[PDB]
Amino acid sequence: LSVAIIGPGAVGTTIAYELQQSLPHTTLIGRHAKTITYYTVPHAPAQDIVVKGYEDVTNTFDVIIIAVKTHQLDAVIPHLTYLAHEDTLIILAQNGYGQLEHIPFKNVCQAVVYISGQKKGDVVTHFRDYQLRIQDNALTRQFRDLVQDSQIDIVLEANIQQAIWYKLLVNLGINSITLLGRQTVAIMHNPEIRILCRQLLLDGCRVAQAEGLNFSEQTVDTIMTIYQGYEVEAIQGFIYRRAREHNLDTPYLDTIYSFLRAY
């Protein structure tokens, strides 16, 4: 079984490297043929990862992992014509709820990525975690069985909706405040901010209820507790659009999204 990983980024390289250690035919595809300096962890022996451009690949793949930014997806899709066949499993290694409908293939699955890493130039440094949460089906089980030996942790989900939406809420809270406030997590020291955070979470959590998921105020409590231990259109934009889809009243979400739209 052949595997391709579109997107030579922090997530893409980390996945591509770990799969090449199990199934070496795993191909990392980018826009240009380049070489990426990769660290499995900080202070690890530097490794060169082969990145082959679209023009270099001549074969179709059974499993394609798209790990580009959510606003970069539309640029990747046209290349799926020659990169994929009819029954190719397409996995979106992206944040938020990706544009699943934009991809004209039968087997398209949204993945919840929990892989922390950064890219500076062509030097990718991985920090921790190798987890990918995907919807449980026959092909995602086959892909799970294939990456048995790799430390890539594939978590098959009965309903990936709950996994997707939970991370949506997590990013909704702390990342919106840190971005708009232009500070670290220490901005949560302000009592007014913490109130906003819960209200912001409750807004998104209210949208999650409308989508049919079992998220209550206790979900907010657990997420707020997580914050004590430390792509807008696809994240906040998605929660916002579904808030209008159900004609909901989410003022805190509306305000955050209004400023994030203004960059």
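Residue positions are given as counts along the sequence shown, with the first one as 1.
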Between residue 230 and residue 231 - deposited residues without coordinates, as a size class | 10 or more
Is the mean CA B factor in the deposited entry higher across 50-58 or across 210-218?
-> 210-218
Comparing 135-143 with 149-157, the higher average Cα temperature factor in the PDB entry belongs to 149-157
Identify, among 256, 3, 262, 6, the residue whose C-alpha carries the highest B-factor in the deposited PDB entry.
-> 262
Selection from 72, 190, 171, 99 [criterion: highest C-alpha temperature factor in the record] | 99
Lowest, middle or highest third of the chain for the C-alpha temperature factor of residue 24?
-> highest
How does residue 104 rank on Cα B-factor within its chain, lowest, middle or highest third?
-> highest
Once the chain's modelled residues are ordered by C-alpha B factor and cut into thirds, is residue 10 in the lowest, middle or highest one?
-> lowest
Thinking about Cα B factors across the chain, which third does residue 239 belong to?
-> middle
Should residue 41 be placed in the lowest, middle or highest third of its chain by the C-alpha B factor in the entry?
-> highest
